[PDB]
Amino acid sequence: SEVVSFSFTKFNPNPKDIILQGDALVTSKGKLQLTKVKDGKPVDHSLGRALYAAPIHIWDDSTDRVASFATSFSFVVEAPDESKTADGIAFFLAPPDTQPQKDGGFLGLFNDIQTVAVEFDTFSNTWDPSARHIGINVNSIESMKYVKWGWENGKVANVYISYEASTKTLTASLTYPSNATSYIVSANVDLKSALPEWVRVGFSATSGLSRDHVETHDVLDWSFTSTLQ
């Protein structure tokens, strides 16, 4: 058996165990700022990602084992105008050598790819439901499952995501501690069929392609654990 685990109550401004991609950076105060901010205001056409340095062993072909993992993180999405926002933030697993994909609605993850993601989508694209949503995505920008999500501008969101290998169940929940509101969605996901044996895990986010569709995507903390046995 193999157990892997880490916790950040904040991020180091010069992170060494975090692989920063695109526009992502850590602020002096220790906030993982995925998308660009200038003069304290979010900028459009931004894409940032952040992955944990050590690959995670999610399934083994020789031993026919699949990992179970659980992760918590808090995140803020703040937009100058509440009615106009894009695009969103996601937690994702992809091959270790994963690089940023397309911007805008593709969230830095997909294009037109072996990526499984839990997205917090703030803009309705062609492949989306009408309302903002939390989605479970399996190798597509189109979610297999989603729940409508009443996004609260600038309010801290607490996320908990778990994968139970014995039942192939991935579950994601978001709670706003400010008004004790919550949402949850689950899906049946076969990690062996969606991903390679080893992955890197982390976050991706992208601001809108227009000036009037901008917002921040900041991660405040992050704890993760995975066991393969």
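Note that residue numbering follows the sequence shown and begins at 1.
Colleague: Between residue 112 and residue 113, how many deposited residues lack coordinates (none, 1 to 3, 4 to 9, 10 or more)?
Modeller: The entry leaves 4 to 9 residues without coordinates here.
Colleague: Highest mean C-alpha temperature factor of the two stretches 129-137 and 148-156, which is it?
Modeller: Result of the comparison: 148-156.
Colleague: Per the record, averaged over C-alpha atoms, which has the higher B-factor: 210-218 or 6-14?
Modeller: Higher of the two, by average CA B-factor, is 6-14.
Colleague: Tell me which of 55, 202, 196, 48 tops the list for C-alpha B factor in the record.
Modeller: Of 55, 202, 196, 48, 196 has the highest C-alpha B-factor.
Colleague: Among the modelled residues of its chain, does the C-alpha B-factor of residue 44 lie in the lowest, middle or highest third?
Modeller: For residue 44, whose C-alpha B-factor we compare with every modelled residue in the chain, the answer is the middle third.
Colleague: C-alpha B factor of residue 162, ranked within the chain: lowest, middle or highest third?
Modeller: Residue 162: CA B-factor falls in the lowest third of its chain.
Colleague: Ranking every modelled residue in this chain by its Cα temperature factor as given in the entry, which third contains residue 81?
Modeller: Ranked within chain, residue 81 CA B lands in the highest tercile.
Colleague: Check where residue 121 lands among this chain's C-alpha B-factors and tell me if it's the lowest, middle or highest third.
Modeller: CA B-factor rank for residue 121: lowest third.
Colleague: Per the entry's values, where does residue 181 land by CA temperature factor relative to the rest of its chain, in the lowest, middle or highest third?
Modeller: Ranked within chain, residue 181 CA B lands in the middle tercile.
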